[PDB]
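Just so it is clear, none of the values below were taken in a lab; they were calculated from the coordinates. Neighbour counts are summed over all protein chains in view; Cβ atoms, including those assigned to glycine, are modelled from backbone coordinates with ideal geometry.
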Amino acid sequence: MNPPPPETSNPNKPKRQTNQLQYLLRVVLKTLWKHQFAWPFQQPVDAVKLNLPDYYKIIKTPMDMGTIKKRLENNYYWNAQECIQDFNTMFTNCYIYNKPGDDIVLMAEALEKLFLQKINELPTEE
Ligand SMILES: CCc1c(C(=O)Nc2cc(S(=O)(=O)NC)ccc2C)[nH]c(C)c1C(C)=O
């Protein structure tokens, strides 16, 4: 059984739109999305389809770029730090579940290298 995906909508949660959050959607997310190694991270891990019954038993805070993209588009975040935390969770999740050799890990590392260089250039709040 797959769990419910992370929430991308919640009217109770305080929301903001900031140039940093705009940057995260416009630059950071768009670069990673169009990348060739993006496809495994573009949606939640369907552990049923992939026959990974253990995945959600070990991964307790799942996160993927589809969810992140929805959150950015639906103005879900208060600050850039929340979004950055989601991207990092996604990478860490992948390193925890998989062995260091695996293709998925090489794909995550290439994406992360890209993520970390774009985050270096996260603008000061305006
Ligand atoms: C290796 C499984 C995995 C994916 C992934 O999605 N792989 C995948 C998905 C489909 S698919 O049929 O579901 N179509 C999209 C088909 C084939 C593959 C290899 N993503 C992450 C983060 C992981 C893990 C466990 O870290």
- Task: Provide the net charge surrounding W78, with neighbours chosen by a C-beta distance below 13 Å and charges set as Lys +1, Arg +1, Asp -1, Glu -1.
- Result: +1
- Task: Please report the relative contact order for the chain, taking Cα pairs under 8 Å with a sequence separation of at least 6, and give it as a percent rounded to a whole number.
- Result: 38 percent
- Item | Cα-Cα over 26 Å, subset of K30/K99; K60/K99; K34/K118; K13/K57 | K30/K99; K13/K57
- Toward the positive end of the charge dipole of the range 10-97, about the Cα centre and with charges on Cβ (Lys, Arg +1; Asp, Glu -1), which of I58, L25, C94 goes farthest? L25
- Task: Convert each backbone phi in the range 31-42 into a coupling constant with the Karplus relation 6.51 cos²θ - 1.76 cosθ + 1.60 (shift: θ = phi - 60°), then list the ³J(HN,Hα) values in order as whole Hz, x for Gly and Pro.
- Result: 5, 6, 4, 6, 5, 5, 8, 6, 4, x, 9, 8
- Determine ³J(HN,Hα), in whole Hz, for all residues of the range 80-91 in sequence, where each value follows from phi through the Karplus function 6.51 cos²θ - 1.76 cosθ + 1.60 and θ = phi - 60°; x replaces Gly and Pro. 4, 3, 5, 5, 4, 4, 4, 4, 5, 4, 4, 5
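Tally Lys and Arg at +1 and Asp and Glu at -1 over the other residues with C-beta under 11 Å from the C-beta of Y23: what net charge comes out?
Result for the neighbourhood of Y23: 0.
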- Note, ³J(HN,Hα) from phi for the range 55-72, Karplus 6.51, -1.76, 1.60, rounded to Hz, x at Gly and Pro: 4, 7, 7, 10, 7, 9, 10, x, 6, 9, 6, x, 4, 4, 4, 4, 4, 5
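At 222 nm, what helix-only mean residue ellipticity would the chain give, in deg cm²/dmol to the nearest 500, using -39500 (n - 2.57) for each DSSP H run of four or more?
-13500 deg cm²/dmol
Percent of Cα-Cα pairs more than 19 Å apart in the chain, please.
48 percent
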